Amino acid sequence: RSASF
Amino acid sequence: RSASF
Amino acid sequence: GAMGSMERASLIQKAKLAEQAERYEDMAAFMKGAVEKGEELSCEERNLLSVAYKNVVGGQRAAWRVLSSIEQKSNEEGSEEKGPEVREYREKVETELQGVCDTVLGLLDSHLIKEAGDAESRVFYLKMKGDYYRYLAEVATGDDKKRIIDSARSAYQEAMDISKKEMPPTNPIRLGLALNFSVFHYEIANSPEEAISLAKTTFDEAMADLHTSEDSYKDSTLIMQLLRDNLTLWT
Amino acid sequence: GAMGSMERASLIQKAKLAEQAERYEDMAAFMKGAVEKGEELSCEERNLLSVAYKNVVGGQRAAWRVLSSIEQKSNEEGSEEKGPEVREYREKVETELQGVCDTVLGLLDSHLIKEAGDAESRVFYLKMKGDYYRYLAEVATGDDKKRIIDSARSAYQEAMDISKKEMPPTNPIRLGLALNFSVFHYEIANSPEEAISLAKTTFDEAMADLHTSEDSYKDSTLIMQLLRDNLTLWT
Ligand SMILES: [Mg+2]
Ligand SMILES: [Mg+2]
Ligand SMILES: [Mg+2]
Ligand SMILES: [Mg+2]
């Protein structure tokens with residue numbers, strides 16, 4: 004659920 | 004651009 | 011082929027998982043394996059077959075349109091020449107799309123259509139045949155484009171005759187068939203007046219039949235709104 | 011392989027078309043062919059490589075999660091047994107995902123990383139190495155899960171050391187690397203406090219450097235907002 008880039 | 008189904 | 015070793019019920023179960031996972035290539039291969047088991051399909055299995063290939067070919071058609079547009083801009087005055095790469099890649103996607111259409115038409119011809127005796131199965135498969143010849147017609151340019159259009163028209167017309175005799179005007183398969191045949195007239199056969207007449211007539215006749223369940227009411231009116239949407243676009 | 015006969019510039023041009031067409035499988039194969047030409051990649055070509063495989067593996071990870079969830083529900087008390095089909099199909103997607111990760115790691119090892127001398131290229135590829143070991147770690151369960159996690163951690167740590175020495179705190183590659191290493195700590199290494207400390211420190215140090223163009227300001231603050239978003243999620 005964490006955002007990566 | 005016409006809709007089909 | 012590769013699905014020959016898997017049970018029919020397992021191919022169906024995995025097709026439903028693939029849909030949940032939005033893995034439509036898997037789904038179509040599973041459903042192609044289930045068809046090649048040789049047994050007729052239930053109504054639910056026909057819908058899974060339809061959903062899988064519609065999504066596969068729908069992505070290919072979207073990509074083809076992006077590439078065909080780039081290609082056409084590349085062929086205008088003042089545009090710098092960029093080599094054969096755009097035409098090559100457009101041709102690559104186009105060939106893949108045609109291969110999926112041929113796969114579907116091949117399943118319908120061997121042997122889904124000839125074993126379909128009920129109206130609901132027979133109209134469903136003939137509509138599919140018309141749809142996938144129509145997808146071929148979208149990208150056809152050579153000496154077969156006329157014959158592809160006529161194969162689409164013939165399959166749609168046969169499905170229409172059966173559906174008017176055998177189904178009520180509100181039946182979702184009958185409605186969806188008339189919608190797509192009207193899209194064929196407008197977008198493929200250069201017959202926008204025939205498209206509009208078909209859409210208006212189909213809508214009015216369904217409207218007069220709605221009074222005959224709330225669940226079926228919702229199913230029919232959903233498709234009638236697509237007819238309405240197109241009429242608003244076309245007029 | 012299959013791209014051996016095509017010019018490097020043509021593979022790059024077709025990779026850009028495939029992106030426009032949202033054909034990310036094509037894009038990755040084109041970019042894999044361009045890498046295998048043996049020349050180092052420009053900054054723009056590195057970004058195309060990254061976009062292509064991120065989208066390929068991103069779809070596979072999304073499907074794996076849908077299937078793993080169905081599988082876990084299938085293994086609870088009171089759930090009816092449905093046969094091996096869910097585990098089989100989850101394993102099928104999982105193996106495909108691992109194959110893409112191995113393909114990427116293979117490109118990095120042969121020979122992108124050993125030829126990257128500049129900070130921007132070397133940190134970019136080491137971050138990629140960490141990301142794709144992290145995607146392997148998401149689905150690892152056996153006796154190699156510890157070693158996969160440590161390969162991810164090692165690549166991220168090497169990239170961090172270089173980026174702190176060689177880049178300003180606002181550099182997008184440095185920011186994106188720190189974001190993903192913080193996601194590694196939180197989601198993979200069970201170190202949520204290390205994740206939060208890394209995210210807060212990375213954000214504050216970029217904030218103090220923003221005063222040094224409006225275009226680069228927009229690039230950095232975009233990634234800082236992702237750090238902010240995660241901090242809000244995590245605390
Ligand atoms: Mg088999
Ligand atoms: Mg008129
Ligand atoms: Mg080749
Ligand atoms: Mg604490």
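Protein chains in written order, with this note's numbering: chain Y, 4 to 8; chain D, 4 to 8; chain E, 11 to 245; chain S, 11 to 245.
Idealized CB from N, CA, C, for every residue including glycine.
I need the straight-line Cα distance from residue i to residue j, nearest angstrom please.
| i | j | result |
| --- | --- | --- |
| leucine 187 (chain E) | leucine 136 (chain E) | 9 Å |
| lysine 42 (chain S) | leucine 117 (chain S) | 8 Å |
| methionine 138 (chain S) | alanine 150 (chain E) | 42 Å |
| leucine 58 (chain E) | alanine 25 (chain E) | 7 Å |
| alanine 6 (chain Y) | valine 133 (chain S) | 20 Å |
| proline 182 (chain E) | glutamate 98 (chain E) | 40 Å |
| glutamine 70 (chain E) | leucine 189 (chain E) | 22 Å |
| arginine 184 (chain E) | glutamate 215 (chain E) | 11 Å |
| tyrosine 63 (chain S) | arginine 144 (chain S) | 14 Å |
| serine 161 (chain E) | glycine 140 (chain E) | 7 Å |
| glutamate 130 (chain E) | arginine 56 (chain S) | 53 Å |
| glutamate 29 (chain E) | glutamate 81 (chain E) | 33 Å |
| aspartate 171 (chain E) | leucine 146 (chain S) | 55 Å |
Let's test the definition: count the other Cβ atoms within 10 Å of the Cβ of residue i and tell me whether it reaches 16, buried, or not, exposed.
| i | result |
| --- | --- |
| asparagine 240 (chain E) | buried |
| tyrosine 227 (chain S) | exposed |
| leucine 232 (chain S) | exposed |
| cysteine 111 (chain S) | buried |
| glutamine 235 (chain E) | exposed |
| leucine 220 (chain E) | exposed |
| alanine 31 (chain E) | buried |
| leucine 243 (chain S) | exposed |
| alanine 39 (chain S) | buried |
| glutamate 125 (chain S) | exposed |
| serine 20 (chain E) | buried |
| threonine 212 (chain E) | buried |
Nearer than 7 Å: is that true of the beta carbon of residue i relative to any heavy atom of ligand 4?
| i | result |
| --- | --- |
| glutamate 204 (chain S) | no |
Between residue i and chain E, is there a C-beta pair that is closer than 8 Å?
| i | result |
| --- | --- |
| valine 76 (chain S) | yes |
| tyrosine 145 (chain S) | no |
| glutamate 32 (chain S) | yes |
| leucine 107 (chain S) | no |
| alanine 162 (chain S) | no |
| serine 84 (chain S) | no |
| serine 89 (chain S) | no |
| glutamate 54 (chain S) | no |
| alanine 73 (chain S) | yes |
| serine 20 (chain S) | yes |
Measuring only from the beta carbon, is residue i closer than 7 Å to any heavy atom that is part of ligand 1?
| i | result |
| --- | --- |
| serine 15 (chain E) | yes |
Does at least one heavy atom of ligand 3 sit under 7 Å from the Cβ of residue i?
| i | result |
| --- | --- |
| residue 2 (chain S) | Outside the modelled stretch of chain S, which goes from 11 to 245, sits residue 2 (chain S), for which no answer is possible. |
| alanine 12 (chain S) | yes |
Counting contacts by CB-CB distance shorter than 8 Å, is residue i in contact with chain S?
| i | result |
| --- | --- |
| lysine 24 (chain E) | yes |
| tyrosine 63 (chain E) | no |
| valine 96 (chain E) | yes |
Please decide whether residue i counts as near chain Y, where near means a Cβ-Cβ distance under 8 Å.
| i | result |
| --- | --- |
| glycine 69 (chain S) | no |
| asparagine 190 (chain S) | yes |
| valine 193 (chain S) | yes |
| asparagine 200 (chain S) | no |
- Message: Please give the ranges of any beta strand (DSSP E) in the region 177-206 of chain E, keeping only runs that are unbroken, at least 3 residues long and fully inside the region.
- Response: none
- Which residue spans inside the region 124-181 of chain S form an unbroken alpha helix (DSSP H) run of at least 4? 129-149 and 155-176
- Completely contained alpha helix (DSSP H) runs for the region 47-99 of chain S, where each covers 4 or more residues: 53-84
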